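> One structure, as structure tokens, below. Some questions next.
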Amino acid sequence: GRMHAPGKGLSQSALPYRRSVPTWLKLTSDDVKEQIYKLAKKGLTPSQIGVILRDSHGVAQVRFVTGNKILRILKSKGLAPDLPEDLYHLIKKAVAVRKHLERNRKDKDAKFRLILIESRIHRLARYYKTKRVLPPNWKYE
Amino acid sequence: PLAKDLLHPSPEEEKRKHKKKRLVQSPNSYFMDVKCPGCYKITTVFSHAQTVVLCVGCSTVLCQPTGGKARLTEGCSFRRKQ
Amino acid sequence: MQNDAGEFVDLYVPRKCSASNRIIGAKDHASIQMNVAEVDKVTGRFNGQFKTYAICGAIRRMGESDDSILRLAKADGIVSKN
Amino acid sequence: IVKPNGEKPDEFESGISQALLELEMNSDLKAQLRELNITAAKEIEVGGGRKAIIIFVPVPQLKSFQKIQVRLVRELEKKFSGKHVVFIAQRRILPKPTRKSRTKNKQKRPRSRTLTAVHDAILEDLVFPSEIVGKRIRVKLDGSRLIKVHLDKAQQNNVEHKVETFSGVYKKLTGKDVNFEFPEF
Amino acid sequence: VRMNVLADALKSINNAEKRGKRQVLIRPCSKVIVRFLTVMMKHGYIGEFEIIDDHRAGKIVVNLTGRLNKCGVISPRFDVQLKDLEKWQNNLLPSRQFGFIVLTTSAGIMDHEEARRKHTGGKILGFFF
RNA sequence: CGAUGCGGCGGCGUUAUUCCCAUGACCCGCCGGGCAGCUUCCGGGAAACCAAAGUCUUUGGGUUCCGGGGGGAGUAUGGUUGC
RNA sequence: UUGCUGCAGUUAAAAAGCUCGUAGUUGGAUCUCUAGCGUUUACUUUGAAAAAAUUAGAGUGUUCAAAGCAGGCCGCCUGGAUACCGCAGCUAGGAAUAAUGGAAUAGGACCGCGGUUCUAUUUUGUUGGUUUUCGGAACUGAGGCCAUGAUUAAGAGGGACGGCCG
């Protein structure tokens with residue numbers, strides 16, 4: 001089921017068997033790379049970049065056409081962000097809830113949900129410190 | 001019950017059954033090409049799409065983001081690719 | 001069944017179910033032994049030969065004796081293919 | 001034209017090298033073949049007498065060979081004897097590092113340099129015209145395996161008669177029997 | 001979450017056989033399951049099975065003959081020696097006439113009788129009879 | 001097995017936004033996750049009952065808390081928390 | 001009726017009011033040898049080491065037996081065996097199973113190539129002064145080659161976005 005919820009939701013992406021590039025795809029590996037770079041400069045997230053490239057330009061899977069993933073391409077050049085996507089998003093959700101809580105002292109629900117977010121930050125931070133993508137002195141405030 | 005070929009299910013039963021609980025996984029989504037009424041240039045869009053997409057040819061909205069599949073604008077004709 | 005002497009040391013060899021291949025017990029009163037007749041290829045008359053099926057109590061209770069008889073009849077060529 | 005790693009060419013590939021030398025000046029494929037080159041070429045007896053031709057080519061050029069393969073096979077098959085020709089990737093297969101290895105395994109062996117990955121790549125490269133859609137592995141009472149490959153209906157008539165060629169050629173360089181079916185959709 | 005995939009595989013086969021289904025679907029598929037099923041087939045309990053290969057992690061479809069009484073897993077993987085094997089085949093097997101314990105040994109995954117024959121201990125995976 | 005709540009998917013025909021589509025309200029199916037219900041010799045249980053309280057002598061998926069005849073007793077004392 | 005094998009916890013005695021969480025336990029597919037090694041263990045099989053007595057157990061008519069270590073043949077021919085000995089520590093095979101890592105701002109592997117410092121203690125029959133190479137190291141300025149280097153994306157999980165819902 002979920003991390004911090006009783007729901008057993010089964011809703012994710014089902015990537016097809018055929019890894020083969022579609023015959024109708026005109027864009028080449030280098031052309032896609034140039035597109036990813038141009039998108040990345042506008043200040044976007046690998047998630048958003050992948051969605052925009054899937055919707056607009058008709059690239060089913062970047063890793064199939066190029067042979068490398070979005071964060072990996074941006075890492076290889078050096079247009080990758082300092083904090084990983086998911087940790088950054090948890091921190092901005094945490095500070096948003098804390099900003100709400102600072103006015104509302106009675107909102108017990110907000111306090112409970114903050115505790116649940118903080119737990120996700122710490123559990124993800126520990127993993128990133130284990131893989132040595134963050135420094136070992138990295139704390140949360 | 002008791003005799004079904006789990007190996008070779010009938011293709012209509014295969015399509016009905018959930019995308020993740022199929023014998024071999026395949027997405028229900030597809031890639032389709034759009035022909036805008038006030039333009040000559042062709043564009044490709046994802047069946048369940050999430051961003052309002054723009055045709056830079058005439059600078060007009062094509063498909064709308066919805067709960068499921070993206071609703072195309074009136075006049076713009078969609079056709080299945082492979 | 002057989003000791004190293006050679007002779008068979010047993011009261012009776014029990015019948016196994018034609019469908020599920022379970023041993024039909026001594027006091028399995030819901031177990032059935034059905035005889036299905038053989039027709040003459042030309043005239044379509046009961047020649048005298050018959051083909052026997054046995055179904056255990058479980059398969060009778062489940063209500064899968066029907067499909068089990070049918071699929072056996074299909075396999076043995078009593079029922080026409082398709 | 002041919003650059004072996006042993007620095008020792010054989011009569012067969014030295015034969016086919018010339019059989020390719022015409023297609024530059026004869027056809028409009030000179031711009032393609034000039035940059036390209038084959039490494040090895042072999043013959044195998046499948047279907048009890050049927051001679052099938054293998055051409056081992058380098059991996060980095062293979063992507064370019066894929067573009068011209070569909071035409072080149074007919075051109076080759078017309079130039080010399082009407083025989084079934086197919087292009088294979090020359091895959092260096094580095095063995096699994098055991099507790100008693102040589103002073104060579106200083107680096108991690110890539111997953112692409114593994115028996116399973118190589119065999120799957122060779123089966124992909126073999127049937128390039130008809131992209132593999134499904135794969136099954138049946139185990140029979142004796143214990144022996146059988147690989148059932150499920151191809152697409154887009155180029156069925158293209159390689160319908162090559163099922164014998166593929167069924168024969170696979171067992172030579174893998175050591176596993178293969179069968180080929182065409183599902184409806 | 002899922003731990004000891006063999007446990008789910010053997011439990012699935014056991015339930016299917018008790019219910020009287022002629023085929024059973026197992027997911028996911030690993031070498032350990034394939035070798036275990038191979039040992040079960042070699043002694044003539046299941047018969048032919050197919051490995052439905054998707055790119056993620058395979059599924060097995062097993063033809064079931066009405067022969068298998070029980071097929072159990074032993075968790076965790078206990079350390080079994082030749083001297084202790086009498087005790088195990090005394091405890092788990094229903095008779096000394098038939099039934100087999102499947103050990104993973106340095107030689108490979110194999111039944112207890114072959115383990116005695118080749119003279120090597122290992123880890124207990126499961127039993128069937 | 002028939003309902004039901006939220007979302008999605010496909011399809012005759014009624015109606016409203018005049019009409020065409022397109023959205024609502026219905027109608028008939030499907031898929032996933034929830035609140036449940038009816039039926040059943042799947043199988044358990046001392047039974048009452050339970051599709052879990054089933055897959056248990058044919059006894060091992062992972063892990064936490066926790067009972068050991070009835071009283072004395074949630075008592076006495078000690079510690080710790082609290083005005 | 002203390003349950004590791006092997007017990008219970010709806011009503012017989014029993015699941016914390018509820019969620020988070022560190023330690024603890026458990027953890028999804030996938031990779032077929034050149035006197036030094038090979039990535040290191042756990043696991044398993046073998047070997048030596050391990051006091052007798054005791055226990056199992058060979059031989060032996062204590063008159064039988066519990067015992068005892070004696071005895072048997074007409075000066076002789078005998079016996080005083082053998083096994084087990086948790087764990088851990090040594091020793092040599094196996095490599096399934098289970099942990100761990102071998103190259104990701106390439107100071108990565110493998111090949112011949114440029115120089116800085118020092119040294120081996122053979123050498124100009126032996127002997128005193130300079131300069132050497134060979135034998136052997138760290139530091140580097142480049143070059144060729146690797147089929148050059150990232151398995152998959154869990155009906156595991158986090159996060160993103162879309163239209164709702166209560």
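We label chains A, B, ... in the order they appear in the structure tokens, count residues from 1 in each chain, and number ligands from 1 in the order shown.
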At a cut-off of 10 Å, list the chain A residues touching chain E, using only C-alpha atoms, as an MDAnalysis selection string.
chainID A and resid 1 16:19
> Keeping N, CA and C atoms, export the residues of the selection given above as a PDB file, in the first residue's frame.

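As a result, selection_10.pdb now contains:
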```pdb
ATOM      1  N   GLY A   1       0.839  -1.236   0.000  1.00  0.00           N
ATOM      2  CA  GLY A   1       0.000   0.000   0.000  1.00  0.00           C
ATOM      3  C   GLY A   1       0.853   1.257   0.000  1.00  0.00           C
ATOM      4  N   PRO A  16       5.156  -0.431 -22.826  1.00  0.00           N
ATOM      5  CA  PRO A  16       4.937  -1.585 -23.702  1.00  0.00           C
ATOM      6  C   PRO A  16       6.160  -2.510 -23.796  1.00  0.00           C
ATOM      7  N   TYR A  17       5.982  -3.696 -24.392  1.00  0.00           N
ATOM      8  CA  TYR A  17       7.046  -4.716 -24.594  1.00  0.00           C
ATOM      9  C   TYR A  17       8.064  -4.195 -25.615  1.00  0.00           C
ATOM     10  N   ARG A  18       7.585  -3.767 -26.787  1.00  0.00           N
ATOM     11  CA  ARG A  18       8.428  -3.287 -27.918  1.00  0.00           C
ATOM     12  C   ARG A  18       9.261  -2.082 -27.461  1.00  0.00           C
ATOM     13  N   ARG A  19      10.545  -2.315 -27.167  1.00  0.00           N
ATOM     14  CA  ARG A  19      11.558  -1.265 -26.869  1.00  0.00           C
ATOM     15  C   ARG A  19      11.978  -0.558 -28.164  1.00  0.00           C
TER      16      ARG A  19
END
```
> Show which residues sit within 9 Å of region 67-72 of chain C, as a ChimeraX atom specification. Count only C-alpha atoms (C1' of nucleotides), and ignore same-chain residues fewer than 2 positions away.
/B:1-3 /C:18-20,53,55,59,63-65,74-79
> Deliver the residues from the most recent selection as a file, using N, CA and C atoms, as a tab-separated table (two decimals), in the first residue's frame.

```
chain	number	residue	atom	x	y	z
B	1	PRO	N	-14.00	-22.17	-15.87
B	1	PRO	CA	-13.37	-22.84	-14.72
B	1	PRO	C	-12.77	-24.21	-15.09
B	2	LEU	N	-11.64	-24.62	-14.54
B	2	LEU	CA	-10.98	-25.90	-14.79
B	2	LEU	C	-10.35	-26.27	-16.15
B	3	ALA	N	-10.61	-25.50	-17.19
B	3	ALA	CA	-9.96	-25.81	-18.45
B	3	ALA	C	-9.31	-24.64	-19.19
C	18	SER	N	-11.80	-39.67	-13.57
C	18	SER	CA	-11.41	-39.37	-14.97
C	18	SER	C	-11.09	-37.87	-15.14
C	19	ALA	N	-11.75	-37.00	-14.36
C	19	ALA	CA	-11.62	-35.53	-14.44
C	19	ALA	C	-10.39	-35.05	-13.65
C	20	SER	N	-10.42	-35.20	-12.32
C	20	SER	CA	-9.47	-34.57	-11.36
C	20	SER	C	-8.29	-35.49	-11.02
C	53	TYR	N	-16.78	-43.20	-18.05
C	53	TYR	CA	-16.20	-42.06	-17.29
C	53	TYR	C	-16.60	-42.19	-15.82
C	55	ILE	N	-16.54	-39.86	-12.10
C	55	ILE	CA	-16.44	-38.50	-11.48
C	55	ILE	C	-16.58	-38.65	-9.96
C	59	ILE	N	-16.06	-33.03	-7.49
C	59	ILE	CA	-16.29	-32.48	-8.86
C	59	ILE	C	-17.80	-32.45	-9.14
C	63	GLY	N	-20.09	-28.66	-9.27
C	63	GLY	CA	-20.91	-28.41	-10.47
C	63	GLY	C	-20.06	-28.34	-11.73
C	64	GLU	N	-18.85	-28.92	-11.69
C	64	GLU	CA	-17.88	-28.97	-12.82
C	64	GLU	C	-17.85	-30.38	-13.43
C	65	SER	N	-18.76	-31.27	-13.01
C	65	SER	CA	-18.98	-32.61	-13.62
C	65	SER	C	-19.46	-32.45	-15.07
C	74	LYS	N	-15.33	-34.54	-25.77
C	74	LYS	CA	-14.60	-33.82	-26.85
C	74	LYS	C	-13.28	-34.54	-27.15
C	75	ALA	N	-12.48	-34.80	-26.11
C	75	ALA	CA	-11.15	-35.47	-26.20
C	75	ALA	C	-11.29	-36.86	-26.82
C	76	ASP	N	-12.29	-37.64	-26.37
C	76	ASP	CA	-12.54	-39.04	-26.82
C	76	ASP	C	-13.25	-39.06	-28.18
C	77	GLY	N	-13.72	-37.91	-28.68
C	77	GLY	CA	-14.26	-37.75	-30.04
C	77	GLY	C	-15.73	-38.13	-30.14
C	78	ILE	N	-16.44	-38.21	-29.00
C	78	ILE	CA	-17.91	-38.45	-28.93
C	78	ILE	C	-18.62	-37.17	-29.37
C	79	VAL	N	-18.23	-36.02	-28.81
C	79	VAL	CA	-18.73	-34.66	-29.19
C	79	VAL	C	-17.85	-34.14	-30.33
```
> List every residue of chain C that has an atom at most 10 Å from any atom of chain E, giving for each one its closest atom pair and the distance in Å to one decimal, counting only C-alpha atoms, sorted by chain and then by ascending residue number, as a Markdown table.

```
| residue | atom | partner | partner_atom | distance |
| --- | --- | --- | --- | --- |
| C:16 | CA | E:66 | CA | 9.6 |
| C:17 | CA | E:66 | CA | 9.4 |
| C:19 | CA | E:20 | CA | 9.0 |
| C:20 | CA | E:66 | CA | 5.9 |
| C:21 | CA | E:66 | CA | 4.8 |
| C:22 | CA | E:66 | CA | 6.3 |
| C:23 | CA | E:66 | CA | 9.6 |
| C:58 | CA | E:20 | CA | 9.3 |
| C:59 | CA | E:20 | CA | 8.4 |
| C:62 | CA | E:19 | CA | 9.6 |
```
> Output N, CA and C atoms for every residue in that selection, as a tab-separated table (two decimals), in the first residue's frame.

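Generated output (again_22.tsv):
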```tsv
chain	number	residue	atom	x	y	z
C	16	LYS	N	-9.51	-44.17	-9.91
C	16	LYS	CA	-9.21	-42.72	-9.93
C	16	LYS	C	-10.24	-42.00	-10.80
C	17	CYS	N	-10.62	-40.78	-10.41
C	17	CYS	CA	-11.57	-39.88	-11.13
C	17	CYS	C	-10.99	-39.53	-12.51
C	19	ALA	N	-11.75	-37.00	-14.36
C	19	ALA	CA	-11.62	-35.53	-14.44
C	19	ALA	C	-10.39	-35.05	-13.65
C	20	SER	N	-10.42	-35.20	-12.32
C	20	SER	CA	-9.47	-34.57	-11.36
C	20	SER	C	-8.29	-35.49	-11.02
C	21	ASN	N	-8.41	-36.80	-11.30
C	21	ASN	CA	-7.37	-37.84	-11.04
C	21	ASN	C	-7.14	-37.99	-9.53
C	22	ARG	N	-8.20	-37.82	-8.72
C	22	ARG	CA	-8.22	-38.15	-7.27
C	22	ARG	C	-8.79	-39.56	-7.09
C	23	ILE	N	-8.36	-40.28	-6.05
C	23	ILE	CA	-8.88	-41.63	-5.68
C	23	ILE	C	-10.34	-41.48	-5.23
C	58	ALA	N	-16.49	-34.52	-5.03
C	58	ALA	CA	-16.03	-33.11	-5.04
C	58	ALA	C	-16.45	-32.43	-6.35
C	59	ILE	N	-16.06	-33.03	-7.49
C	59	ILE	CA	-16.29	-32.48	-8.86
C	59	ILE	C	-17.80	-32.45	-9.14
C	62	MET	N	-19.08	-29.44	-6.79
C	62	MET	CA	-18.60	-28.15	-7.37
C	62	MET	C	-19.50	-27.71	-8.54
```
> Give me the residues near residue 3 (chain F) as JSON, numbers by chain, where near means some atom within 12 Å (using only C-alpha atoms (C1' of nucleotides)) and where sequence neighbours in that chain fewer than 3 positions away do not count.
{"F": [36, 37, 38]}
> Please tabulate, as CSV, the residues of chain B that come within 6 Å of chain A, each with its closest pair of atoms and the distance in Å to one decimal, counting only C-alpha atoms and ordering rows by chain, then residue number upward.

```
residue,atom,partner,partner_atom,distance
B:26,CA,A:16,CA,4.7
B:27,CA,A:14,CA,5.4
B:44,CA,A:58,CA,5.6
B:45,CA,A:55,CA,5.4
B:46,CA,A:55,CA,5.2
B:49,CA,A:55,CA,5.8
```
> Selected residues, C-alpha atoms, written as a PDB file, in the first residue's frame, please.

```pdb
ATOM      1  CA  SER B  26       0.624  -3.209 -22.887  1.00  0.00           C
ATOM      2  CA  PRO B  27      -0.721   0.384 -22.462  1.00  0.00           C
ATOM      3  CA  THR B  44       1.620  14.155 -33.161  1.00  0.00           C
ATOM      4  CA  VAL B  45      -0.147  14.052 -29.705  1.00  0.00           C
ATOM      5  CA  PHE B  46      -0.466  11.455 -26.854  1.00  0.00           C
ATOM      6  CA  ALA B  49      -2.272  13.999 -22.681  1.00  0.00           C
TER       7      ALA B  49
END
```
> Can you list, as a ChimeraX atom specification, all residues belonging to chain C that DSSP tags as helix (DSSP H, G or I)?
/C:57-62,65-76
> May I have all residues of region 68-112 of chain D that DSSP, computed from the backbone, assigns to strand (DSSP E), given as an MDAnalysis selection string?
chainID D and resid 84:89
> Applying 9 Å and only C-alpha atoms (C1' of nucleotides), which residues near residue 121 (chain D) remain after dropping the ones on its own chain fewer than 6 positions away? List them as a list in words.
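After dropping sequence-adjacent residues, the list is residues 89, 91 and 112 of chain D.
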> With only C-alpha atoms (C1' of nucleotides) as the counted atoms, please give the residues lying no more than 12 Å from region 13-23 of chain G, apart from itself and same-chain residues fewer than 6 positions off, as a PDB file with C-alpha atoms (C1' of nucleotides), in the first residue's frame.

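Listing of part_38.pdb after writing:
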```
ATOM      1  CA  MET A   3       3.779   4.932   2.909  1.00  0.00           C
ATOM      2  CA  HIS A   4       1.553   7.083   5.256  1.00  0.00           C
ATOM      3  CA  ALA A   5      -2.048   6.213   4.132  1.00  0.00           C
ATOM      4  CA  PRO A   6      -4.317   3.111   4.430  1.00  0.00           C
ATOM      5  CA  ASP A 109      -4.583  17.996  11.173  1.00  0.00           C
ATOM      6  CA  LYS A 111       0.550  19.353  12.586  1.00  0.00           C
ATOM      7  CA  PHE A 112      -0.106  15.560  12.084  1.00  0.00           C
ATOM      8  CA  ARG A 113       0.414  15.891   8.254  1.00  0.00           C
ATOM      9  CA  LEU A 114       3.630  17.983   8.797  1.00  0.00           C
ATOM     10  CA  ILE A 115       5.028  15.136  11.053  1.00  0.00           C
ATOM     11  CA  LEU A 116       4.195  12.658   8.180  1.00  0.00           C
ATOM     12  CA  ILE A 117       6.002  14.920   5.573  1.00  0.00           C
ATOM     13  CA  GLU A 118       9.094  15.451   7.866  1.00  0.00           C
ATOM     14  CA  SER A 119       9.314  11.588   8.153  1.00  0.00           C
ATOM     15  CA  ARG A 120       9.391  11.288   4.284  1.00  0.00           C
ATOM     16  CA  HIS A 122      14.343  12.162   6.682  1.00  0.00           C
ATOM     17  CA  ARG A 123      13.746   8.653   5.133  1.00  0.00           C
TER      18      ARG A 123
ATOM     19  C1'   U F  64       5.355  -5.908  16.654  1.00  0.00           C
ATOM     20  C1'   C F  65       2.455  -6.185  21.253  1.00  0.00           C
ATOM     21  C1'   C F  66       0.548  -9.965  24.359  1.00  0.00           C
ATOM     22  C1'   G F  67      -2.342 -14.777  27.663  1.00  0.00           C
ATOM     23  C1'   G F  68      -0.875 -19.402  30.788  1.00  0.00           C
ATOM     24  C1'   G F  69      -7.008 -22.577  36.201  1.00  0.00           C
ATOM     25  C1'   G F  70     -10.281 -19.275  39.546  1.00  0.00           C
TER      26        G F  70
END
```
> Find the residues near region 51-53 of chain F: any atom within 10 Å, counting only C-alpha atoms (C1' of nucleotides), skip ones fewer than 4 places away on the same chain, and give them as an MDAnalysis selection string.
(chainID F and resid 40 42:45) or (chainID G and resid 10)
> Find the residues of chain D that sit at most 10 Å from chain E; for each, write down the nearest two atoms and how far apart they are in Å, to one decimal. Count only C-alpha atoms. Sort by chain, then by number going up, and give it as a Markdown table.

```
| residue | atom | partner | partner_atom | distance |
| --- | --- | --- | --- | --- |
| D:133 | CA | E:54 | CA | 9.9 |
| D:134 | CA | E:53 | CA | 7.6 |
| D:135 | CA | E:53 | CA | 5.8 |
| D:136 | CA | E:52 | CA | 5.1 |
| D:137 | CA | E:51 | CA | 5.1 |
| D:138 | CA | E:50 | CA | 4.5 |
| D:139 | CA | E:48 | CA | 5.9 |
| D:140 | CA | E:48 | CA | 5.3 |
| D:141 | CA | E:48 | CA | 6.1 |
| D:142 | CA | E:42 | CA | 7.6 |
| D:143 | CA | E:42 | CA | 7.3 |
| D:145 | CA | E:50 | CA | 9.7 |
| D:146 | CA | E:50 | CA | 9.5 |
| D:147 | CA | E:51 | CA | 9.5 |
| D:148 | CA | E:50 | CA | 10.0 |
```
> Write the residues you've just listed into a file as a PDB file, in the first residue's frame, and include N, CA and C atoms for each of them.

```pdb
ATOM      1  N   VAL D 133       8.072  -9.375 -30.753  1.00  0.00           N
ATOM      2  CA  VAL D 133       6.907  -8.832 -29.987  1.00  0.00           C
ATOM      3  C   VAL D 133       6.690  -9.656 -28.709  1.00  0.00           C
ATOM      4  N   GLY D 134       6.878 -10.982 -28.764  1.00  0.00           N
ATOM      5  CA  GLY D 134       6.746 -11.883 -27.600  1.00  0.00           C
ATOM      6  C   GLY D 134       7.776 -12.998 -27.615  1.00  0.00           C
ATOM      7  N   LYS D 135       8.014 -13.616 -26.453  1.00  0.00           N
ATOM      8  CA  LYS D 135       8.989 -14.724 -26.258  1.00  0.00           C
ATOM      9  C   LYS D 135       8.483 -15.653 -25.145  1.00  0.00           C
ATOM     10  N   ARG D 136       8.507 -16.970 -25.381  1.00  0.00           N
ATOM     11  CA  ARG D 136       8.118 -18.019 -24.396  1.00  0.00           C
ATOM     12  C   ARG D 136       9.212 -19.091 -24.347  1.00  0.00           C
ATOM     13  N   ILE D 137       9.380 -19.749 -23.193  1.00  0.00           N
ATOM     14  CA  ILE D 137      10.366 -20.851 -22.967  1.00  0.00           C
ATOM     15  C   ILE D 137       9.618 -22.058 -22.385  1.00  0.00           C
ATOM     16  N   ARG D 138       9.270 -23.033 -23.235  1.00  0.00           N
ATOM     17  CA  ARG D 138       8.600 -24.303 -22.834  1.00  0.00           C
ATOM     18  C   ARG D 138       9.664 -25.306 -22.372  1.00  0.00           C
ATOM     19  N   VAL D 139       9.434 -25.945 -21.219  1.00  0.00           N
ATOM     20  CA  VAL D 139      10.285 -27.033 -20.649  1.00  0.00           C
ATOM     21  C   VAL D 139       9.500 -28.346 -20.768  1.00  0.00           C
ATOM     22  N   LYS D 140      10.049 -29.318 -21.505  1.00  0.00           N
ATOM     23  CA  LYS D 140       9.402 -30.618 -21.841  1.00  0.00           C
ATOM     24  C   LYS D 140       9.872 -31.689 -20.849  1.00  0.00           C
ATOM     25  N   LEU D 141       9.148 -32.814 -20.779  1.00  0.00           N
ATOM     26  CA  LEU D 141       9.275 -33.871 -19.727  1.00  0.00           C
ATOM     27  C   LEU D 141      10.732 -34.333 -19.580  1.00  0.00           C
ATOM     28  N   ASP D 142      11.460 -34.481 -20.695  1.00  0.00           N
ATOM     29  CA  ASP D 142      12.879 -34.937 -20.733  1.00  0.00           C
ATOM     30  C   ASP D 142      13.784 -33.949 -19.978  1.00  0.00           C
ATOM     31  N   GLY D 143      13.436 -32.653 -19.971  1.00  0.00           N
ATOM     32  CA  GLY D 143      14.173 -31.581 -19.269  1.00  0.00           C
ATOM     33  C   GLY D 143      14.688 -30.510 -20.220  1.00  0.00           C
ATOM     34  N   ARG D 145      14.790 -27.567 -23.151  1.00  0.00           N
ATOM     35  CA  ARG D 145      14.056 -26.280 -23.288  1.00  0.00           C
ATOM     36  C   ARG D 145      13.671 -26.073 -24.759  1.00  0.00           C
ATOM     37  N   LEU D 146      12.698 -25.192 -25.016  1.00  0.00           N
ATOM     38  CA  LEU D 146      12.309 -24.742 -26.381  1.00  0.00           C
ATOM     39  C   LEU D 146      11.822 -23.289 -26.308  1.00  0.00           C
ATOM     40  N   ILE D 147      12.421 -22.400 -27.108  1.00  0.00           N
ATOM     41  CA  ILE D 147      12.122 -20.936 -27.141  1.00  0.00           C
ATOM     42  C   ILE D 147      11.158 -20.655 -28.304  1.00  0.00           C
ATOM     43  N   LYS D 148       9.920 -20.255 -27.994  1.00  0.00           N
ATOM     44  CA  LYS D 148       8.890 -19.827 -28.981  1.00  0.00           C
ATOM     45  C   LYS D 148       8.921 -18.299 -29.100  1.00  0.00           C
TER      46      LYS D 148
END
```
> Mind running chain D against chain A at 12 Å and telling me each contacting residue's nearest atom pair with the distance in Å (one decimal), counting only C-alpha atoms, chain and number ascending, as JSON lines?

```
{"residue": "D:67", "atom": "CA", "partner": "A:23", "partner_atom": "CA", "distance": 11.8}
{"residue": "D:124", "atom": "CA", "partner": "A:20", "partner_atom": "CA", "distance": 10.2}
{"residue": "D:128", "atom": "CA", "partner": "A:20", "partner_atom": "CA", "distance": 10.4}
{"residue": "D:129", "atom": "CA", "partner": "A:20", "partner_atom": "CA", "distance": 11.8}
{"residue": "D:130", "atom": "CA", "partner": "A:20", "partner_atom": "CA", "distance": 11.0}
{"residue": "D:131", "atom": "CA", "partner": "A:20", "partner_atom": "CA", "distance": 7.5}
{"residue": "D:132", "atom": "CA", "partner": "A:18", "partner_atom": "CA", "distance": 7.5}
{"residue": "D:133", "atom": "CA", "partner": "A:18", "partner_atom": "CA", "distance": 6.1}
{"residue": "D:134", "atom": "CA", "partner": "A:17", "partner_atom": "CA", "distance": 7.8}
{"residue": "D:135", "atom": "CA", "partner": "A:17", "partner_atom": "CA", "distance": 10.3}
{"residue": "D:150", "atom": "CA", "partner": "A:18", "partner_atom": "CA", "distance": 11.8}
{"residue": "D:151", "atom": "CA", "partner": "A:18", "partner_atom": "CA", "distance": 11.0}
{"residue": "D:152", "atom": "CA", "partner": "A:18", "partner_atom": "CA", "distance": 10.7}
{"residue": "D:154", "atom": "CA", "partner": "A:23", "partner_atom": "CA", "distance": 11.8}
```
> Can you tell me, as a ChimeraX atom specification, what residues are no more than 10 Å from residue 122 (chain E) when counting only C-alpha atoms (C1' of nucleotides), ignoring any on the same chain fewer than 5 positions away?
/E:77-82,102-110,115 /G:43-44,96-97
> Given the choices F:33, F:19, F:27, F:58, which gets closest to chain E if the distance is worked out from only C-alpha atoms (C1' of nucleotides)?
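Closest residue, counting only C-alpha atoms (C1' of nucleotides): F:58.
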